[PDB]
């Protein structure tokens, strides 16, 4: 990605092979590649709008916006 | 339905409970088993000998695998 | 759906309020959001275009209390999503000078109307506090004032349960009269006196205007549809205000005169050339609205309501509220 | 100079003689037949135990308390070893150390390995005993033994993989509980503990079972995996659901209460807790009202401010009612609130205030007449019981357990009058009629003979009789029984009256009895702190009803103004219990929403209503309390009543020949807290 | 097993008027003395031509909030010539002006200032200058068992109202305290 | 004049 | 000023040890917590939220009383319940019921 090249674009397997931790090639670690679940890579955006960014369960920008009360009201009809 | 609703948020991919119910039982041969996976270390789940004297599967209390006795 | 105080004041105490502050990027916006978040309340600030203009008021509150959101104007969906979950809405938008792609009418009037209509849409609001000016009906020059009075009327009409504050001219750590005068004096030949030289005004301390805004915000069941003005602690002529600035800056006063012809003939070309294809400079001290509001005296109506009805008048415009001049 | 463990007041029944033994050197004095374990305790050294509890029988079963008593062969079980004069006890000798190491080795050998999921991990005896006394390495590889878990109702779930065969639960369930369901069955390593027909356990004190059972197998279901012990703080308070005022400890984290557990008090409840109370918090969290509310004329409720609420209530109070102002004191309320309410009403001028379950009839006031005279402790010294109109198993479960303890210790004939019920100790059923009570106050019903042939009898009248119309006749028949059977002697005053609330004692003490009978009918402005006023119904069509309460579930749909308050775990009040002993609770968790304490809300209401109260601080409130009834400021010591029952009867004809009605039903849906609470609801649905 | 020689010689030749307790452990040898003769004792050492200490390593305070003499001052000091170190440990209450040693060992002004503000123990002669470690005008003495871990007034943040300010504490996620104790 | 007790009572219940 | 309560924490109702009984300890009955709206952590504003039972452990009621009186805040001492020590017997376990009635 010649213009906007940024670190963390490397997938995990090649991240290992590149940081010298283990000289196992990305193709081998991808032969391993846990099945039955998994999430494709995604670089650390953190700046391209909050929705590409993320939030907790109480932050107003999160479409969830939980509520923390640890009780209930009486709430008559 | 409520626990995964408390912690998980996406509700697009299946929750852990859904996957561990998607895995079928094991149908072992004897009367007692031990659940770790396939290694003793590096996979945790200390030895959890569990009985199999009921007509229903028996969970493992770590990584519920639901072993079942095969014959009578 | 009455909110509940769930703390003991100070930061990290909830106290319920969630407020969307349109215009919370400049002077009164800074002060009012400071007051609100210090009291303890979530605040959503929109910024027209920047990445760092609201950045300062990002720190005046606990984590996730202040939230800067998105591009504000000229879109109903944007304003709606900004007011998605507010409890109160505070409007302060408004410049002091027209720019080709905008106009006093457009900005003040039409944006007040837009905010009123989108609040009607998101009719889950509790308090709409609109701050306009010490400006009356179209009975005065400076078309900003006419449009702002029409905006006052239309916001009262689209929201009979609203509160419209009419503060006098503000002086504070960053105002647009004292700092221009000090700049002008320090630069070259000293200050001018427009109109006559002895025109009367009621300057007011901005922290106290903000305290009045917080007071009227809380105001437990006492005034939910009111429209009134916020004067100052004492009557000041412009000459005496300039002399106050000079005594506080420790310099020699000098005044320029024959005000009306130079004022008009030197402030009129700006608007013409403006509406004629690229932005033009800012009106340092030759602002048309300055000329108008100085050729007509506007102090206090003494008729509707006041600080005295809300809370004690500002401390005094001698000791602390002018102490920021010592930078010179 | 060596204080016993925890402090332990030895008895010395015959203080003229007492043996002395050498514990680890220096000597100690000991009563006649005390065990080696208690001798070591007195000397001040704890010995590791699993199968020995100071309240259950002994059984040398765990085989971990081993010590060496010189002048004997090699091993000795400390418990069940009666001390001898001069035996040379020794606890820290290589023999004892190796004995403990080996026994712990065997336990941890055939134990499961699931501490990090097994709650009680961080509290476990077996864990701490191993870490402090056992070895550090295990030598074992082969397959262990595992059994299937078991269900015992929605209170005590068991993962029996770790039932180390102590029989603590068995001995408890057969001695203190009363119902024989649990039992140890099997043989050898294959030995389980479980009811053989997969039944449940329809008794209280099962929470006491889960406290007894040391290793984490029997555990409370509604506290499944919510927290370890090292995470949450404990505040020592009392109980308000029952009437005994049990001493408990509320374990809470943040603004949430996680559980409650008993704490030792060898005067009221030994170390136990009735099943109702241990699970009474979930709803205290669950349902709640946390805003002052006003009824909008469409029959709805709107949340208003305290200023407006107090203003409207004070306005209407002054407005209409000249002489028809009544106030019902709550079932779970404190003497502070009661005295404040009574003072506010009497300053308002119109006074009909009365407690929760106190009868509309005369209900004379003599402390010896309306408190349990013989302290619960002394109740272990009776020989003949005369329970009338009372099922103490359902009300005052701790007093029931005490009576069962007495009957177990020494067989004490017990005669019970009233409706049919399932007692758990060989009870005699004498009939259902105050007519029978008359006959026994007279010569028929030869059971009276037993009384005359009795040493230290006890006559227990349940407080449910306060609501019956003819109460002076019942109490006078009891007076005649006492006079003729010699049961009121100065050495021993065995004439007890139970109670069935926590606020009833303090109410009857301050004097909250209704001056009239048709008070609710004739009223027009009722001030409630508690519910039920007869089926919340006797109140007329037009009547200003103000419910100054908490956890609103019932009668709220009749209320006209609503004032939220602080529960019994969020305030500091004074509650008096049946033996006349006055305790005080302590705050544990923050108030919910914006509710306020009861005496505070009453004083504020008075001030805004004009006539104000001369006191505005808890100190002055308790000073007024000292002025009206002093023991309530003499908190934490029972002040007996040294005056007889010389009341004056007013019926003088008969006892109305009507049977004794049942006083409390379902044992769980009473107590509005539990009622609007929940685990009690499913316990009521299943365990009955 | 280290310095029995110096300790034994020092105890057997001292003026035994001003020694209240002696402990010849193997962790460290302790001369617990009276606060009235401390300067006298220390000036005996550093000068006697056998047990000359000549270097003061530490002056630390210890707090025991259950004894009538609340505090405990401790002087750890070695003898570079005789390869030995001793620990002279004195008692000290709330206000009780303790003697100074800045005349003998000039390396105590900073350690005595540190024990002035961390604890509250005074010091009669020179070294009791103003506080050192804690920042500025400070309410308590923040190392006894009463000054809580999070301080009384510690919120300190900027104010565009004026510039910056210090306000009472309202921290979030309160300090959790775990128990972990073990009744054997 | 509202007998400052009440002034506190209208605020939070921790005074 | 603050009202404090001096008590001795009773034995835990789960274990059977004794290394934590008879240890006088003062608590500041401080309960003013609330839920941090962002995450859900338990905030507070009392400086004495935990110190009383996190560092202040006293040796006896006399010492704790003198210390509270010294710092000035008013106190109210509580009572300490101790287990009564009866006498037990394995023979009493294996007692003998009487003859038939």
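Just a few scattered comments:
Every chain is named by a letter (A, B, C, D, E, F and G) in the order it is written, and numbering of its residues begins at 1.
Just so we're on the same page, contacts are C-beta pairs under 8 Å (C-beta built on N, C-alpha and C of every residue); 3 or more make two chains touch, one makes a residue touch a chain.
Touching chain A and chain D together: B, C, G.
Compared with chain F, the chain whose C-alpha mean position is the greatest distance off is B. Interface comparison, C-E versus D-E: the higher count of C-beta contacts falls to C-E.
Closest to the protein's overall CA centre, chain by chain, comes G.
Annotation: 43 Å between the Cα-based centres of chain B and chain G. Rounded to whole angstrom, the centroid-to-centroid distance between chain A and chain B, based on C-alpha atoms, equals 27 Å. The distance from the centre of chain D to the centre of chain F, with each centre set as the mean of the Cα atoms, comes to 36 Å. Rounded to whole angstrom units, the spacing between the C-alpha centres of chain E and chain G is 33.
Within chain E, contacts with two or more other chains are made by residues 168, 170-172, 177, 182-184. Residue positions 12, 14 of chain F are each in touch with at least two other chains. Residues 3-11, 13, 31-35, 38, 41-42, 46, 49, 53-54, 57-59, 80, 82, 120, 123-125, 128, 211, 214, 229, 233-236, 247, 249, 254-255, 261-267, 271, 570, 572, 586-590, 636 of chain D are the ones touching chain G in the complex. Residues of chain C touching chain A in their complex: 18, 42, 44, 64, 67, 69, 85.
Of all the residues in chain C, the ones that touch chain E in their complex are 7-13, 30-31, 34, 56-57, 59-60, 62, 173, 207.
Within the complex formed with chain A, the residues of chain B that make contact are 9, 13, 19. Every residue of chain A that touches chain B in the complex is listed here, in rising order: 36-37, 57, 64.
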